[PDB]
file input.txt (compact mmCIF, C-alpha atoms and all ligand atoms)
# COMPACT_ATOMS: atom_id res chain seq x y z
CA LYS W 1 -13.53 16.74 16.99
CA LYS W 2 -13.52 14.34 14.03
CA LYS W 3 -10.52 12.52 12.62
CA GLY W 4 -9.48 13.59 9.14
CA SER W 5 -9.49 11.58 5.94
CA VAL W 6 -6.64 9.62 4.44
CA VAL W 7 -5.19 11.73 1.61
CA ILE W 8 -3.37 10.63 -1.54
CA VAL W 9 -0.18 12.72 -1.67
CA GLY W 10 1.73 10.98 -4.46
CA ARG W 11 2.39 7.72 -6.24
CA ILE W 12 5.05 5.18 -7.14
CA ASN W 13 5.37 5.29 -10.92
CA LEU W 14 5.86 1.80 -12.38
CA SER W 15 4.86 2.61 -15.97
CA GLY W 16 8.31 2.87 -17.55
CA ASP W 17 11.74 1.26 -17.25
CA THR W 18 12.57 3.12 -14.01
CA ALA W 19 10.49 3.17 -10.83
CA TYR W 20 10.28 6.51 -9.08
CA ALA W 21 8.15 8.29 -6.50
CA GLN W 22 6.10 11.32 -7.54
CA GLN W 23 4.56 13.79 -5.11
CA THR W 24 1.21 15.25 -6.14
CA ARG W 25 0.29 17.27 -3.03
CA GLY W 26 2.31 19.18 -0.45
CA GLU W 27 1.93 19.18 3.32
CA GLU W 28 -0.30 22.27 3.44
CA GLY W 29 -2.74 20.98 0.83
CA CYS W 30 -2.68 17.56 2.49
CA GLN W 31 -3.79 18.94 5.86
CA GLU W 32 -6.59 20.96 4.25
CA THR W 33 -7.74 17.98 2.18
CA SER W 34 -7.69 15.73 5.26
CA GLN W 35 -10.04 18.11 7.08
CA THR W 36 -12.48 18.62 4.20
CA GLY W 37 -12.18 15.16 2.68
CA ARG W 38 -12.41 16.85 -0.74
CA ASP W 39 -9.55 15.88 -3.08
CA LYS W 40 -9.90 17.04 -6.69
CA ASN W 41 -6.40 15.98 -7.77
CA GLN W 42 -6.29 13.53 -10.65
CA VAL W 43 -5.26 10.04 -9.54
CA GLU W 44 -3.08 7.74 -11.65
CA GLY W 45 -1.29 4.44 -11.28
CA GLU W 46 -1.41 1.40 -9.03
CA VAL W 47 0.55 2.36 -5.89
CA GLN W 48 -0.48 5.53 -4.06
CA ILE W 49 1.43 7.36 -1.35
CA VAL W 50 -1.11 8.30 1.32
CA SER W 51 -1.00 10.38 4.48
CA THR W 52 -3.04 11.19 7.55
CA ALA W 53 -2.31 14.14 9.83
CA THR W 54 0.23 11.99 11.70
CA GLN W 55 1.38 9.13 9.44
CA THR W 56 2.37 8.41 5.85
CA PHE W 57 2.31 5.02 4.13
CA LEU W 58 1.23 3.31 0.90
CA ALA W 59 -2.01 2.08 -0.66
CA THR W 60 -2.30 -0.32 -3.60
CA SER W 61 -5.15 -0.87 -6.06
CA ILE W 62 -5.97 -4.55 -6.69
CA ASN W 63 -9.17 -5.74 -8.39
CA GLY W 64 -10.78 -2.30 -8.16
CA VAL W 65 -10.09 -1.85 -4.42
CA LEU W 66 -7.50 0.52 -2.95
CA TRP W 67 -5.96 -1.52 -0.13
CA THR W 68 -3.86 -0.43 2.85
CA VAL W 69 -3.12 -1.35 6.48
CA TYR W 70 -5.40 -0.76 9.45
CA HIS W 71 -2.44 0.38 11.57
CA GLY W 72 -2.03 3.29 9.16
CA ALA W 73 -5.59 4.17 8.13
CA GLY W 74 -7.62 2.94 11.08
CA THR W 75 -11.30 3.31 10.20
CA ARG W 76 -10.75 6.62 8.39
CA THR W 77 -12.49 7.74 5.24
CA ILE W 78 -10.40 8.63 2.18
CA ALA W 79 -10.61 12.01 0.49
CA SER W 80 -12.26 12.04 -2.94
CA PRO W 81 -13.53 14.62 -5.46
CA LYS W 82 -17.06 14.37 -4.02
CA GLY W 83 -16.03 14.22 -0.36
CA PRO W 84 -14.90 11.57 2.12
CA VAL W 85 -15.45 7.95 1.09
CA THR W 86 -16.21 5.33 3.73
CA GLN W 87 -14.20 2.13 3.88
CA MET W 88 -15.62 -0.78 1.90
CA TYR W 89 -13.50 -3.30 3.81
CA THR W 90 -12.18 -3.25 7.38
CA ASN W 91 -10.43 -6.23 9.00
CA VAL W 92 -8.33 -5.44 12.08
CA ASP W 93 -7.49 -9.14 12.43
CA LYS W 94 -5.68 -8.96 9.07
CA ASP W 95 -4.47 -5.36 9.56
CA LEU W 96 -6.37 -4.63 6.36
CA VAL W 97 -8.68 -1.89 5.06
CA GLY W 98 -9.91 -1.01 1.61
CA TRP W 99 -11.88 1.62 -0.28
CA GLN W 100 -13.29 1.63 -3.80
CA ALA W 101 -10.41 2.34 -6.16
CA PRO W 102 -10.21 6.03 -7.15
CA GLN W 103 -11.36 7.12 -10.59
CA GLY W 104 -8.29 7.16 -12.81
CA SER W 105 -6.28 4.59 -10.88
CA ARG W 106 -5.13 1.31 -12.42
CA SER W 107 -5.58 -1.98 -10.59
CA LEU W 108 -3.01 -4.73 -10.30
CA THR W 109 -4.21 -8.21 -11.25
CA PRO W 110 -4.15 -10.85 -8.47
CA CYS W 111 -1.35 -13.34 -9.03
CA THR W 112 -2.20 -16.89 -10.08
CA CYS W 113 1.39 -17.84 -10.97
CA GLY W 114 2.26 -19.64 -7.74
CA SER W 115 5.76 -18.16 -7.94
CA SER W 116 7.96 -17.59 -4.89
CA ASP W 117 10.27 -15.00 -6.52
CA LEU W 118 8.69 -11.72 -5.41
CA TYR W 119 9.43 -8.00 -5.48
CA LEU W 120 8.53 -5.47 -2.78
CA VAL W 121 7.87 -1.89 -3.90
CA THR W 122 8.72 0.73 -1.26
CA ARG W 123 7.63 4.34 -0.82
CA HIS W 124 11.06 5.39 -2.12
CA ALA W 125 10.48 3.38 -5.33
CA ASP W 126 12.99 0.70 -4.37
CA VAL W 127 12.09 -2.64 -5.95
CA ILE W 128 13.40 -5.17 -3.44
CA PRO W 129 13.72 -8.87 -4.35
CA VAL W 130 11.99 -11.10 -1.80
CA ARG W 131 11.91 -14.91 -1.70
CA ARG W 132 8.51 -16.14 -0.55
CA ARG W 133 8.87 -18.27 2.58
CA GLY W 134 5.24 -18.94 3.53
CA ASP W 135 1.67 -17.84 3.03
CA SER W 136 2.46 -14.44 4.60
CA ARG W 137 6.27 -14.29 4.78
CA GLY W 138 9.21 -13.55 2.53
CA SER W 139 12.92 -13.06 3.11
CA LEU W 140 14.94 -10.14 1.80
CA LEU W 141 17.68 -11.25 -0.56
CA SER W 142 19.69 -8.30 0.82
CA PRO W 143 18.74 -7.36 4.39
CA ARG W 144 18.83 -3.70 5.37
CA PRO W 145 17.86 -1.46 8.31
CA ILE W 146 14.15 -1.27 9.06
CA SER W 147 14.45 2.49 8.47
CA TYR W 148 14.37 1.74 4.74
CA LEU W 149 11.03 -0.08 5.00
CA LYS W 150 9.27 2.29 7.41
CA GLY W 151 6.40 4.01 5.63
CA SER W 152 5.99 1.28 3.00
CA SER W 153 3.17 -0.70 4.64
CA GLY W 154 0.31 -0.97 2.19
CA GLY W 155 2.76 -1.37 -0.68
CA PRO W 156 2.66 -4.40 -2.96
CA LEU W 157 4.60 -7.59 -3.28
CA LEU W 158 4.70 -8.45 -6.98
CA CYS W 159 5.42 -11.62 -8.93
CA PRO W 160 7.84 -11.60 -11.88
CA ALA W 161 4.92 -10.86 -14.23
CA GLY W 162 3.80 -7.84 -12.20
CA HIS W 163 0.79 -9.43 -10.53
CA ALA W 164 -0.11 -8.54 -6.95
CA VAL W 165 0.93 -11.30 -4.54
CA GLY W 166 0.32 -9.41 -1.31
CA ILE W 167 0.25 -6.21 0.72
CA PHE W 168 3.26 -5.30 2.88
CA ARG W 169 2.19 -5.37 6.54
CA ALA W 170 5.14 -5.72 8.93
CA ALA W 171 8.91 -6.13 9.05
CA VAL W 172 10.78 -8.97 10.75
CA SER W 173 14.03 -7.59 12.15
CA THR W 174 16.94 -8.54 14.38
CA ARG W 175 18.94 -5.69 15.94
CA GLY W 176 17.21 -3.18 13.68
CA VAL W 177 17.99 -5.15 10.50
CA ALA W 178 15.06 -6.31 8.38
CA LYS W 179 15.64 -9.91 7.30
CA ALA W 180 12.06 -10.79 6.31
CA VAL W 181 8.67 -9.23 5.64
CA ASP W 182 5.13 -10.13 6.69
CA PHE W 183 2.39 -9.45 4.15
CA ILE W 184 -1.32 -9.92 3.54
CA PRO W 185 -1.57 -12.50 0.72
CA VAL W 186 -3.78 -11.55 -2.21
CA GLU W 187 -5.87 -14.67 -1.57
CA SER W 188 -6.78 -13.18 1.81
CA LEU W 189 -7.86 -10.04 -0.04
CA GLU W 190 -9.83 -12.11 -2.55
CA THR W 191 -11.62 -13.93 0.27
CA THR W 192 -12.42 -10.69 2.12
CA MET W 193 -13.85 -9.47 -1.19
ZN ZN R 201 1.79 -13.78 -11.08
call {"tool": "encode", "arguments": {"input": "input.txt", "output": "structure tokens"}}
result
Amino acid sequence: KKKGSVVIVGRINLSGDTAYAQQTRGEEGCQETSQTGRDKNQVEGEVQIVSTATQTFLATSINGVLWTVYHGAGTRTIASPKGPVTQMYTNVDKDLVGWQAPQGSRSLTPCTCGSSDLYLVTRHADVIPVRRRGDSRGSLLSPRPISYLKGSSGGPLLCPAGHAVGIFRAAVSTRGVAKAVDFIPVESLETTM
């Protein structure tokens, strides 16, 4: 057998004054699209909700590349209107993969602000303040159970101006409580590019 494609199943809408998740495809259509690799749904926005047959997570467009984590996507293609699209970037050492950004998506601009006051966008459209603590680390201003972050890998960390600062990769927790986050800095994306 052959593994299916990653499938865009929704998005995190950041266009207005309120952030909210939108679903664009149900479970049945997702499984069919994963097998065929043919997705004719219109794509919009910067942060996509994506799914395989077994996992769901996020993917974020930055600089014309739709980025996500290797531990979610593996080496899978992504479904597109013309069929499955092969990864343009794969780096298991960074837990990073990327495809060409879908037609209709909007790309975040890489941050050049040098700010340490960040915001993590989750699959439930929570915008979580995060204080940057290193090249790949930031602390939650309000810790919370890791349950609330599960499924948000591939989502963005944003600066106050809405630039992309990094891609959410892993949670740092003590007794099931997430106190910090580990992320792929945008500079690591820009180098890979
Ligand atoms: Zn910025």
call {"tool": "atom_distance", "arguments": {"input": "input.txt", "atom1": "CA of residue 74 in chain W", "atom2": "CA of residue 125 in chain W"}}
result
24.4 Å
call {"tool": "atom_distance", "arguments": {"input": "input.txt", "atom1": "CA of residue 38 in chain W", "atom2": "CA of residue 88 in chain W"}}
result
18.1 Å
call {"tool": "residues_near_ligand", "arguments": {"input": "input.txt", "ligand": "ligand ZN 201 (chain R)", "cutoff": "10 Å", "atoms": "only C-alpha atoms and all ligand atoms", "output": "PyMOL selection string"}}
result
chain W and resi 109-118+158-165
call {"tool": "closest_residue", "arguments": {"input": "input.txt", "among": "W:139, W:51, W:80, W:75", "to": "residue 37 in chain W", "atoms": "all atoms listed in the file"}}
result
W:80
call {"tool": "residues_around", "arguments": {"input": "input.txt", "residues": "residue 177 in chain W", "least_positions_apart": "5", "cutoff": "10 Å", "atoms": "all atoms listed in the file", "output": "number ranges by chain"}}
result
W: 143-148, 171-172
call {"tool": "closest_residue", "arguments": {"input": "input.txt", "among": "W:70, W:99, W:168, W:57", "to": "residue 185 in chain W", "atoms": "all atoms listed in the file"}}
result
W:168
call {"tool": "residues_around", "arguments": {"input": "input.txt", "residues": "residue 193 in chain W", "least_positions_apart": "2", "cutoff": "12 Å", "atoms": "all atoms listed in the file", "output": "ChimeraX atom specification"}}
result
/W:62-67,88-91,96-100,186-191
call {"tool": "write_last_selection", "arguments": {"input": "input.txt", "atoms": "C-alpha atoms", "output": "PDB file, keeping the file's coordinate frame"}}
result
ATOM      1  CA  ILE W  62      -5.970  -4.550  -6.690  1.00  0.00           C
ATOM      2  CA  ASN W  63      -9.170  -5.740  -8.390  1.00  0.00           C
ATOM      3  CA  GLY W  64     -10.780  -2.300  -8.160  1.00  0.00           C
ATOM      4  CA  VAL W  65     -10.090  -1.850  -4.420  1.00  0.00           C
ATOM      5  CA  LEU W  66      -7.500   0.520  -2.950  1.00  0.00           C
ATOM      6  CA  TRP W  67      -5.960  -1.520  -0.130  1.00  0.00           C
ATOM      7  CA  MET W  88     -15.620  -0.780   1.900  1.00  0.00           C
ATOM      8  CA  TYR W  89     -13.500  -3.300   3.810  1.00  0.00           C
ATOM      9  CA  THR W  90     -12.180  -3.250   7.380  1.00  0.00           C
ATOM     10  CA  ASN W  91     -10.430  -6.230   9.000  1.00  0.00           C
ATOM     11  CA  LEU W  96      -6.370  -4.630   6.360  1.00  0.00           C
ATOM     12  CA  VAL W  97      -8.680  -1.890   5.060  1.00  0.00           C
ATOM     13  CA  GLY W  98      -9.910  -1.010   1.610  1.00  0.00           C
ATOM     14  CA  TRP W  99     -11.880   1.620  -0.280  1.00  0.00           C
ATOM     15  CA  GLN W 100     -13.290   1.630  -3.800  1.00  0.00           C
ATOM     16  CA  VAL W 186      -3.780 -11.550  -2.210  1.00  0.00           C
ATOM     17  CA  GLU W 187      -5.870 -14.670  -1.570  1.00  0.00           C
ATOM     18  CA  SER W 188      -6.780 -13.180   1.810  1.00  0.00           C
ATOM     19  CA  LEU W 189      -7.860 -10.040  -0.040  1.00  0.00           C
ATOM     20  CA  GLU W 190      -9.830 -12.110  -2.550  1.00  0.00           C
ATOM     21  CA  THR W 191     -11.620 -13.930   0.270  1.00  0.00           C
TER      22      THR W 191
END
call {"tool": "atom_distance", "arguments": {"input": "input.txt", "atom1": "CA of residue 2 in chain W", "atom2": "CA of residue 40 in chain W"}}
result
21.2 Å
call {"tool": "closest_residue", "arguments": {"input": "input.txt", "among": "W:19, W:79, W:12, W:58", "to": "residue 151 in chain W", "atoms": "all atoms listed in the file"}}
result
W:58
call {"tool": "residues_near_point", "arguments": {"input": "input.txt", "point": "(-10.8, 8.1, -10.8)", "cutoff": "10 Å", "atoms": "all atoms listed in the file", "output": "ChimeraX atom specification"}}
result
/W:40-44,80-81,100-106
call {"tool": "write_last_selection", "arguments": {"input": "input.txt", "atoms": "C-alpha atoms", "output": "PDB file, keeping the file's coordinate frame"}}
result
ATOM      1  CA  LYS W  40      -9.900  17.040  -6.690  1.00  0.00           C
ATOM      2  CA  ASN W  41      -6.400  15.980  -7.770  1.00  0.00           C
ATOM      3  CA  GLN W  42      -6.290  13.530 -10.650  1.00  0.00           C
ATOM      4  CA  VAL W  43      -5.260  10.040  -9.540  1.00  0.00           C
ATOM      5  CA  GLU W  44      -3.080   7.740 -11.650  1.00  0.00           C
ATOM      6  CA  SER W  80     -12.260  12.040  -2.940  1.00  0.00           C
ATOM      7  CA  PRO W  81     -13.530  14.620  -5.460  1.00  0.00           C
ATOM      8  CA  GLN W 100     -13.290   1.630  -3.800  1.00  0.00           C
ATOM      9  CA  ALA W 101     -10.410   2.340  -6.160  1.00  0.00           C
ATOM     10  CA  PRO W 102     -10.210   6.030  -7.150  1.00  0.00           C
ATOM     11  CA  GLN W 103     -11.360   7.120 -10.590  1.00  0.00           C
ATOM     12  CA  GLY W 104      -8.290   7.160 -12.810  1.00  0.00           C
ATOM     13  CA  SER W 105      -6.280   4.590 -10.880  1.00  0.00           C
ATOM     14  CA  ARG W 106      -5.130   1.310 -12.420  1.00  0.00           C
TER      15      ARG W 106
END
call {"tool": "closest_residue", "arguments": {"input": "input.txt", "among": "W:6, W:178, W:128, W:157", "to": "residue 55 in chain W", "atoms": "only C-alpha atoms"}}
result
W:6
call {"tool": "residues_around", "arguments": {"input": "input.txt", "residues": "residue 77 in chain W", "least_positions_apart": "4", "cutoff": "6 Å", "atoms": "only C-alpha atoms", "output": "ChimeraX atom specification"}}
result
/W:5,84-86
call {"tool": "build_atoms", "arguments": {"input": "input.txt", "residues": "range 58-77 of chain W", "atoms": "N, CA, C and O atoms", "output": "JSON list (two decimals), in the coordinates of the input"}}
result
[["chain", "number", "residue", "atom", "x", "y", "z"],
["W", 58, "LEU", "N", 1.60, 3.61, 2.27],
["W", 58, "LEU", "CA", 1.23, 3.31, 0.90],
["W", 58, "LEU", "C", -0.17, 2.69, 0.83],
["W", 58, "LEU", "O", -0.71, 2.21, 1.83],
["W", 59, "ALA", "N", -0.74, 2.73, -0.37],
["W", 59, "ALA", "CA", -2.01, 2.08, -0.66],
["W", 59, "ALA", "C", -1.95, 1.58, -2.10],
["W", 59, "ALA", "O", -1.45, 2.27, -2.98],
["W", 60, "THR", "N", -2.47, 0.37, -2.33],
["W", 60, "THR", "CA", -2.30, -0.32, -3.60],
["W", 60, "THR", "C", -3.66, -0.77, -4.13],
["W", 60, "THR", "O", -4.46, -1.36, -3.39],
["W", 61, "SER", "N", -3.91, -0.49, -5.40],
["W", 61, "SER", "CA", -5.15, -0.87, -6.06],
["W", 61, "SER", "C", -5.01, -2.28, -6.62],
["W", 61, "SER", "O", -4.11, -2.56, -7.41],
["W", 62, "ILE", "N", -5.91, -3.17, -6.20],
["W", 62, "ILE", "CA", -5.97, -4.55, -6.69],
["W", 62, "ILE", "C", -7.44, -4.88, -6.89],
["W", 62, "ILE", "O", -8.23, -4.78, -5.95],
["W", 63, "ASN", "N", -7.81, -5.28, -8.11],
["W", 63, "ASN", "CA", -9.17, -5.74, -8.39],
["W", 63, "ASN", "C", -10.21, -4.65, -8.11],
["W", 63, "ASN", "O", -11.33, -4.94, -7.69],
["W", 64, "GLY", "N", -9.85, -3.39, -8.35],
["W", 64, "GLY", "CA", -10.78, -2.30, -8.16],
["W", 64, "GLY", "C", -10.94, -1.84, -6.73],
["W", 64, "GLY", "O", -11.88, -1.09, -6.44],
["W", 65, "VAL", "N", -10.07, -2.28, -5.82],
["W", 65, "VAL", "CA", -10.09, -1.85, -4.42],
["W", 65, "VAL", "C", -8.73, -1.26, -4.09],
["W", 65, "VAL", "O", -7.69, -1.87, -4.38],
["W", 66, "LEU", "N", -8.72, -0.08, -3.47],
["W", 66, "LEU", "CA", -7.50, 0.52, -2.95],
["W", 66, "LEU", "C", -7.27, -0.01, -1.54],
["W", 66, "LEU", "O", -8.03, 0.32, -0.62],
["W", 67, "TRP", "N", -6.23, -0.82, -1.37],
["W", 67, "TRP", "CA", -5.96, -1.52, -0.13],
["W", 67, "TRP", "C", -4.85, -0.82, 0.65],
["W", 67, "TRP", "O", -3.92, -0.27, 0.07],
["W", 68, "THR", "N", -4.96, -0.86, 1.98],
["W", 68, "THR", "CA", -3.86, -0.43, 2.85],
["W", 68, "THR", "C", -4.03, -1.11, 4.20],
["W", 68, "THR", "O", -4.89, -1.99, 4.38],
["W", 69, "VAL", "N", -3.20, -0.71, 5.17],
["W", 69, "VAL", "CA", -3.12, -1.35, 6.48],
["W", 69, "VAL", "C", -3.99, -0.61, 7.47],
["W", 69, "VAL", "O", -4.09, 0.63, 7.44],
["W", 70, "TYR", "N", -4.62, -1.36, 8.38],
["W", 70, "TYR", "CA", -5.40, -0.76, 9.45],
["W", 70, "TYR", "C", -4.52, 0.06, 10.39],
["W", 70, "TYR", "O", -4.97, 1.09, 10.91],
["W", 71, "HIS", "N", -3.28, -0.37, 10.62],
["W", 71, "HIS", "CA", -2.44, 0.38, 11.57],
["W", 71, "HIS", "C", -1.99, 1.71, 11.01],
["W", 71, "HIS", "O", -1.42, 2.52, 11.76],
["W", 72, "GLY", "N", -2.24, 1.98, 9.73],
["W", 72, "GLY", "CA", -2.03, 3.29, 9.16],
["W", 72, "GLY", "C", -3.33, 4.08, 9.04],
["W", 72, "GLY", "O", -3.41, 5.22, 9.51],
["W", 73, "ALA", "N", -4.35, 3.47, 8.44],
["W", 73, "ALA", "CA", -5.59, 4.17, 8.13],
["W", 73, "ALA", "C", -6.61, 4.12, 9.25],
["W", 73, "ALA", "O", -7.50, 4.99, 9.30],
["W", 74, "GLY", "N", -6.52, 3.16, 10.16],
["W", 74, "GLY", "CA", -7.62, 2.94, 11.08],
["W", 74, "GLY", "C", -8.91, 2.76, 10.31],
["W", 74, "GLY", "O", -8.95, 2.11, 9.26],
["W", 75, "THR", "N", -9.99, 3.35, 10.84],
["W", 75, "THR", "CA", -11.30, 3.31, 10.20],
["W", 75, "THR", "C", -11.59, 4.58, 9.40],
["W", 75, "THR", "O", -12.76, 4.88, 9.13],
["W", 76, "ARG", "N", -10.55, 5.32, 9.01],
["W", 76, "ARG", "CA", -10.75, 6.62, 8.39],
["W", 76, "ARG", "C", -11.35, 6.51, 6.99],
["W", 76, "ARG", "O", -11.14, 5.53, 6.27],
["W", 77, "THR", "N", -12.10, 7.54, 6.62],
["W", 77, "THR", "CA", -12.49, 7.74, 5.24],
["W", 77, "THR", "C", -11.27, 8.15, 4.41],
["W", 77, "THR", "O", -10.21, 8.49, 4.95]]
